[PDB]
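Q: My file is start-v2.txt. It has compact mmCIF, C-alpha atoms and all ligand atoms:
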```
# COMPACT_ATOMS: atom_id res chain seq x y z
CA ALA H 1 -10.95 60.28 81.54
CA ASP H 2 -13.40 58.03 79.71
CA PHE H 3 -12.82 54.28 79.11
CA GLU H 4 -14.67 51.70 77.02
CA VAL H 5 -15.22 48.03 77.91
CA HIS H 6 -16.55 45.70 75.19
CA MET H 7 -18.71 42.60 75.74
CA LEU H 8 -17.55 39.70 73.54
CA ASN H 9 -18.64 36.12 72.96
CA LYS H 10 -15.03 34.94 72.98
CA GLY H 11 -11.82 35.85 74.84
CA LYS H 12 -8.35 34.40 75.63
CA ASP H 13 -10.22 33.19 78.74
CA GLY H 14 -12.82 31.20 76.83
CA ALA H 15 -16.42 32.15 76.13
CA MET H 16 -18.15 35.30 77.35
CA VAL H 17 -15.74 38.10 78.38
CA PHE H 18 -15.52 41.77 79.24
CA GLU H 19 -12.57 43.31 77.43
CA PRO H 20 -10.68 44.53 79.32
CA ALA H 21 -11.90 42.58 82.36
CA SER H 22 -10.06 44.88 84.69
CA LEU H 23 -9.71 48.64 84.73
CA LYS H 24 -8.13 50.98 87.24
CA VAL H 25 -9.62 54.42 87.15
CA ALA H 26 -9.41 57.79 89.00
CA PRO H 27 -12.46 59.08 90.93
CA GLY H 28 -14.85 60.71 88.46
CA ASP H 29 -13.66 58.77 85.44
CA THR H 30 -16.20 56.96 83.34
CA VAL H 31 -16.55 53.56 81.69
CA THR H 32 -18.94 52.85 78.85
CA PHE H 33 -19.84 49.21 78.46
CA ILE H 34 -20.31 48.50 74.73
CA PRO H 35 -21.69 45.18 73.45
CA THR H 36 -19.72 44.01 70.47
CA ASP H 37 -21.77 40.81 70.18
CA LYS H 38 -25.50 40.50 70.83
CA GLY H 39 -26.95 39.08 74.04
CA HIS H 40 -24.79 40.81 76.70
CA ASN H 41 -25.40 43.42 79.42
CA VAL H 42 -23.61 44.64 82.55
CA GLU H 43 -24.62 44.78 86.16
CA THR H 44 -22.87 45.13 89.53
CA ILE H 45 -22.48 41.93 91.54
CA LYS H 46 -24.42 41.84 94.84
CA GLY H 47 -22.16 42.85 97.76
CA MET H 48 -19.33 43.76 95.44
CA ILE H 49 -19.36 47.55 95.29
CA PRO H 50 -17.98 50.13 97.76
CA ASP H 51 -19.84 51.94 100.44
CA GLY H 52 -20.94 55.14 98.75
CA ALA H 53 -21.48 53.43 95.33
CA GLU H 54 -24.84 52.58 93.75
CA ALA H 55 -25.70 49.32 92.03
CA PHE H 56 -26.49 49.33 88.28
CA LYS H 57 -27.87 47.15 85.49
CA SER H 58 -28.06 47.66 81.74
CA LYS H 59 -30.49 46.18 79.22
CA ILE H 60 -29.40 43.42 76.87
CA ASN H 61 -27.48 45.02 73.92
CA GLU H 62 -27.50 48.54 75.47
CA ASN H 63 -24.49 50.87 75.44
CA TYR H 64 -24.20 51.83 79.10
CA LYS H 65 -22.09 54.54 80.71
CA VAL H 66 -21.23 54.69 84.42
CA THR H 67 -19.29 57.31 86.37
CA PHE H 68 -17.21 55.85 89.20
CA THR H 69 -16.38 58.15 92.16
CA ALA H 70 -16.52 56.08 95.39
CA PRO H 71 -13.11 54.50 96.06
CA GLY H 72 -12.78 50.70 96.02
CA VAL H 73 -13.35 47.74 93.70
CA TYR H 74 -16.57 47.03 91.77
CA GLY H 75 -17.38 43.51 90.65
CA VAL H 76 -19.48 43.48 87.45
CA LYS H 77 -21.14 40.60 85.62
CA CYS H 78 -23.25 39.89 82.58
CA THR H 79 -26.64 38.44 83.50
CA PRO H 80 -27.20 35.64 80.94
CA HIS H 81 -23.53 34.55 81.08
CA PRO H 82 -22.36 33.14 84.42
CA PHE H 83 -18.61 33.23 83.89
CA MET H 84 -18.66 36.72 82.41
CA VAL H 85 -17.27 39.08 85.03
CA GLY H 86 -14.87 41.97 85.52
CA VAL H 87 -13.58 44.48 88.06
CA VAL H 88 -13.40 48.24 87.99
CA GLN H 89 -11.14 49.81 90.62
CA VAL H 90 -11.27 53.43 91.78
CA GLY H 91 -8.07 54.65 93.42
CA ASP H 92 -5.33 52.63 95.15
CA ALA H 93 -5.73 50.69 98.40
CA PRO H 94 -9.39 49.64 97.83
CA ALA H 95 -11.11 48.97 101.16
CA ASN H 96 -13.62 46.28 100.01
CA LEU H 97 -11.12 43.92 98.43
CA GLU H 98 -12.32 41.01 100.52
CA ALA H 99 -15.89 41.43 99.17
CA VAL H 100 -14.63 40.28 95.71
CA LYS H 101 -11.90 37.80 96.85
CA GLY H 102 -13.81 36.08 99.68
CA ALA H 103 -16.76 35.48 97.41
CA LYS H 104 -17.84 31.95 96.61
CA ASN H 105 -18.71 32.07 92.97
CA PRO H 106 -18.46 29.32 90.32
CA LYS H 107 -14.73 28.54 89.98
CA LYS H 108 -14.49 30.10 86.52
CA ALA H 109 -16.19 33.32 87.57
CA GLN H 110 -14.14 33.51 90.79
CA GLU H 111 -10.78 32.95 89.00
CA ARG H 112 -11.66 35.74 86.51
CA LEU H 113 -12.48 38.09 89.37
CA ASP H 114 -9.34 37.13 91.31
CA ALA H 115 -7.19 37.60 88.16
CA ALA H 116 -8.75 41.05 87.61
CA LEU H 117 -7.90 42.08 91.20
CA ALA H 118 -4.37 40.86 90.83
CA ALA H 119 -3.89 42.65 87.49
CA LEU H 120 -5.03 45.84 89.28
CA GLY H 121 -1.99 45.49 91.57
CA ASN H 122 -3.81 44.09 94.57
CL CL X 201 -27.94 51.65 73.43
CU CU X 202 -22.29 38.45 78.53
```
Let's see the structure in the file written out as structure tokens.
Ligand SMILES: [Cl-]
Ligand SMILES: [Cu+2]

A:
Amino acid sequence: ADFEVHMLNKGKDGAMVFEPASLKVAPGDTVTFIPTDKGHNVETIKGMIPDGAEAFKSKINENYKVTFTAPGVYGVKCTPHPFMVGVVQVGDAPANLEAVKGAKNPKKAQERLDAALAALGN
């Protein structure tokens, strides 16, 4: 299955959001990150992807597709926008949950990450 996440200047959260900010997928599913507004990209957060996964970064304004196979959670962010974060989960029972939760990010970023994990049933 293929999923799309859009990058928007405004959400129910406030400024700068991935929509949806959380997605649970099966191994081998894909997500394409699609800027709706200009000035956004996507990249994995340092330390916040599973063993077996590779890091990634898109260019500003680029449509960017990623295939997720390694099981676990994947914290993603948008470079120019500090609060703009999201979580992709592959499978149930992710093993690197504490890598996202135990992080010490700006409050707003951390609450968005924590909310994403909780919405994923963790
Ligand atoms: Cl593009
Ligand atoms: Cu952004």

Q: Using only C-alpha atoms, find the one residue out of H:63, H:44, H:105, H:9 that sits nearest to residue 87 of chain H.

A: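 Under the stated criterion, the closest residue is H:44.
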
Q: Using all atoms listed in the file, I'd like a table of the residues in segment 8-108 of chain H that come within 12 Å of segment 118-121 of chain H; for each, show the closest atom pair and its distance in Å rounded to one decimal, ordered by chain and ascending number, as JSON lines.

A:
```
{"residue": "H:20", "atom": "CA", "partner": "H:119", "partner_atom": "CA", "distance": 10.8}
{"residue": "H:21", "atom": "CA", "partner": "H:119", "partner_atom": "CA", "distance": 9.5}
{"residue": "H:22", "atom": "CA", "partner": "H:120", "partner_atom": "CA", "distance": 6.9}
{"residue": "H:23", "atom": "CA", "partner": "H:120", "partner_atom": "CA", "distance": 7.1}
{"residue": "H:24", "atom": "CA", "partner": "H:120", "partner_atom": "CA", "distance": 6.3}
{"residue": "H:25", "atom": "CA", "partner": "H:120", "partner_atom": "CA", "distance": 10.0}
{"residue": "H:72", "atom": "CA", "partner": "H:120", "partner_atom": "CA", "distance": 11.4}
{"residue": "H:73", "atom": "CA", "partner": "H:120", "partner_atom": "CA", "distance": 9.6}
{"residue": "H:74", "atom": "CA", "partner": "H:120", "partner_atom": "CA", "distance": 11.9}
{"residue": "H:86", "atom": "CA", "partner": "H:119", "partner_atom": "CA", "distance": 11.2}
{"residue": "H:87", "atom": "CA", "partner": "H:120", "partner_atom": "CA", "distance": 8.7}
{"residue": "H:88", "atom": "CA", "partner": "H:120", "partner_atom": "CA", "distance": 8.8}
{"residue": "H:89", "atom": "CA", "partner": "H:120", "partner_atom": "CA", "distance": 7.4}
{"residue": "H:90", "atom": "CA", "partner": "H:120", "partner_atom": "CA", "distance": 10.1}
{"residue": "H:91", "atom": "CA", "partner": "H:120", "partner_atom": "CA", "distance": 10.2}
{"residue": "H:92", "atom": "CA", "partner": "H:121", "partner_atom": "CA", "distance": 8.7}
{"residue": "H:93", "atom": "CA", "partner": "H:121", "partner_atom": "CA", "distance": 9.4}
{"residue": "H:94", "atom": "CA", "partner": "H:120", "partner_atom": "CA", "distance": 10.3}
{"residue": "H:97", "atom": "CA", "partner": "H:118", "partner_atom": "CA", "distance": 10.6}
{"residue": "H:100", "atom": "CA", "partner": "H:118", "partner_atom": "CA", "distance": 11.4}
{"residue": "H:101", "atom": "CA", "partner": "H:118", "partner_atom": "CA", "distance": 10.1}
```

Q: Please compute the atom CA of residue 108 of chain H-atom CA of residue 77 of chain H distance, one decimal, in Å.

A: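 One can read the atom CA of residue 108 of chain H to atom CA of residue 77 of chain H distance as 12.5 Å.
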
Q: Write as a compact mmCIF listing (two decimals) with C-alpha atoms, keeping the file's coordinate frame the residues around ligand CU 202 (chain X), taking 6 Å as the cut-off and counting only C-alpha atoms and all ligand atoms.

A:
```txt
# COMPACT_ATOMS: atom_id res chain seq x y z
CA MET H 16 -18.15 35.30 77.35
CA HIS H 40 -24.79 40.81 76.70
CA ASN H 41 -25.40 43.42 79.42
CA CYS H 78 -23.25 39.89 82.58
CA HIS H 81 -23.53 34.55 81.08
CA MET H 84 -18.66 36.72 82.41
```

Q: List all protein, DNA and RNA residues that have any atom at most 7 Å from ligand CL 201 (chain X), counting all atoms listed in the file, and write the list as a list in words.

A: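 Using all atoms listed in the file, everything at most 7 Å from ligand CL 201 (chain X) comes to residues 61, 62, 63 and 64 of chain H.
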
Q: Can you work out which one of H:70, H:26, H:85, H:1 has the shortest atom-to-atom distance to residue 106 of chain H, counting all atoms listed in the file?

A: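 Selected residue with least distance to residue 106 of chain H: H:85.
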
Q: Would you mind listing what lies within 8 Å of residue 53 of chain H as a ChimeraX atom specification, with only C-alpha atoms counted and same-chain residues fewer than 4 positions away left out?

A: /H:49,68-70

Q: Calculated over all atoms listed in the file, which of the candidates H:39, H:31, H:71, H:111 has the smallest distance to residue 3 of chain H?

A: H:31

Q: When distances are computed from all atoms listed in the file, which of H:115, H:82, H:17, H:8 shows the smallest separation from residue 37 of chain H?

A: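 Residue with the minimum atom-to-atom distance to residue 37 of chain H: H:8.
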
Q: Go through H:99, H:76, H:60, H:117 one by one, measure the shortest atom-to-atom distance of each to residue 38 of chain H using all atoms listed in the file, and give the residue with the smallest value.

A: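 Result for the nearest residue to residue 38 of chain H: H:60.
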
Q: Considering all atoms listed in the file, state which residue in the set H:34, H:55, H:42, H:66 is at the smallest distance from residue 2 of chain H.

A: H:66

Q: Between atom CA of residue 19 of chain H and atom CA of residue 107 of chain H, what is the distance in Å, rounded to a tenth?

A: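 Going from atom CA of residue 19 of chain H over to atom CA of residue 107 of chain H, I get 19.5 Å.
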
Q: What is the distance between atom CA of residue 103 of chain H and atom CA of residue 47 of chain H, in Å to one decimal?

A: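 About the pair atom CA of residue 103 of chain H and atom CA of residue 47 of chain H: they are 9.1 Å apart.
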
Q: With N, CA, C and O atoms as the target, complete segment 60-82 of chain H and hand it back as a tab-separated table (two decimals), in the coordinates of the input.

A:
```tsv
chain	number	residue	atom	x	y	z
H	60	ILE	N	-30.10	44.23	77.85
H	60	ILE	CA	-29.40	43.42	76.87
H	60	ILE	C	-29.14	44.29	75.62
H	60	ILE	O	-30.06	44.99	75.15
H	61	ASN	N	-27.88	44.29	75.14
H	61	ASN	CA	-27.48	45.02	73.92
H	61	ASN	C	-27.32	46.56	74.04
H	61	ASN	O	-27.00	47.22	73.04
H	62	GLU	N	-27.53	47.10	75.23
H	62	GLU	CA	-27.50	48.54	75.47
H	62	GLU	C	-26.07	49.01	75.73
H	62	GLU	O	-25.34	48.35	76.48
H	63	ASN	N	-25.70	50.11	75.08
H	63	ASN	CA	-24.49	50.87	75.44
H	63	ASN	C	-24.75	51.59	76.75
H	63	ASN	O	-25.73	52.32	76.85
H	64	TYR	N	-23.87	51.41	77.73
H	64	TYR	CA	-24.20	51.83	79.10
H	64	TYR	C	-22.99	52.49	79.74
H	64	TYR	O	-21.94	51.86	79.88
H	65	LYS	N	-23.17	53.75	80.15
H	65	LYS	CA	-22.09	54.54	80.71
H	65	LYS	C	-22.30	54.69	82.23
H	65	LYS	O	-23.44	54.92	82.71
H	66	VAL	N	-21.21	54.53	82.96
H	66	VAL	CA	-21.23	54.69	84.42
H	66	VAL	C	-20.08	55.60	84.82
H	66	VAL	O	-18.96	55.50	84.29
H	67	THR	N	-20.35	56.48	85.77
H	67	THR	CA	-19.29	57.31	86.37
H	67	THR	C	-18.93	56.69	87.72
H	67	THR	O	-19.80	56.46	88.56
H	68	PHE	N	-17.65	56.42	87.94
H	68	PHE	CA	-17.21	55.85	89.20
H	68	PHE	C	-16.47	56.90	90.04
H	68	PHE	O	-15.42	57.40	89.61
H	69	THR	N	-17.01	57.21	91.23
H	69	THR	CA	-16.38	58.15	92.16
H	69	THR	C	-15.98	57.52	93.49
H	69	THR	O	-14.94	57.85	94.02
H	70	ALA	N	-16.82	56.63	94.06
H	70	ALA	CA	-16.52	56.08	95.39
H	70	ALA	C	-15.30	55.16	95.25
H	70	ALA	O	-15.20	54.38	94.29
H	71	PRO	N	-14.35	55.28	96.19
H	71	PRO	CA	-13.11	54.50	96.06
H	71	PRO	C	-13.36	53.01	96.42
H	71	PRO	O	-14.18	52.71	97.30
H	72	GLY	N	-12.67	52.11	95.72
H	72	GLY	CA	-12.78	50.70	96.02
H	72	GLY	C	-12.85	49.89	94.75
H	72	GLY	O	-12.63	50.41	93.65
H	73	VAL	N	-13.18	48.60	94.89
H	73	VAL	CA	-13.35	47.74	93.70
H	73	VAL	C	-14.83	47.47	93.48
H	73	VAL	O	-15.62	47.49	94.42
H	74	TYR	N	-15.19	47.22	92.22
H	74	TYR	CA	-16.57	47.03	91.77
H	74	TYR	C	-16.63	45.79	90.93
H	74	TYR	O	-16.12	45.78	89.78
H	75	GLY	N	-17.27	44.74	91.45
H	75	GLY	CA	-17.38	43.51	90.65
H	75	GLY	C	-18.58	43.69	89.73
H	75	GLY	O	-19.68	44.04	90.20
H	76	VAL	N	-18.39	43.42	88.44
H	76	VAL	CA	-19.48	43.48	87.45
H	76	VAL	C	-19.64	42.13	86.76
H	76	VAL	O	-18.70	41.34	86.71
H	77	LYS	N	-20.84	41.85	86.28
H	77	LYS	CA	-21.14	40.60	85.62
H	77	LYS	C	-22.11	40.85	84.47
H	77	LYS	O	-22.70	41.91	84.33
H	78	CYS	N	-22.30	39.83	83.65
H	78	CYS	CA	-23.25	39.89	82.58
H	78	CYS	C	-24.30	38.86	82.92
H	78	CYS	O	-24.00	37.68	83.07
H	79	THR	N	-25.54	39.31	83.02
H	79	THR	CA	-26.64	38.44	83.50
H	79	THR	C	-26.83	37.06	82.87
H	79	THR	O	-26.91	36.07	83.61
H	80	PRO	N	-27.01	36.97	81.54
H	80	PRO	CA	-27.20	35.64	80.94
H	80	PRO	C	-25.96	34.74	80.90
H	80	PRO	O	-26.07	33.57	80.56
H	81	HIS	N	-24.79	35.28	81.27
H	81	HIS	CA	-23.53	34.55	81.08
H	81	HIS	C	-22.77	34.48	82.38
H	81	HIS	O	-22.09	35.44	82.75
H	82	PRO	N	-22.84	33.31	83.04
H	82	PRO	CA	-22.36	33.14	84.42
H	82	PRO	C	-20.87	33.40	84.62
H	82	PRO	O	-20.48	33.93	85.64
```
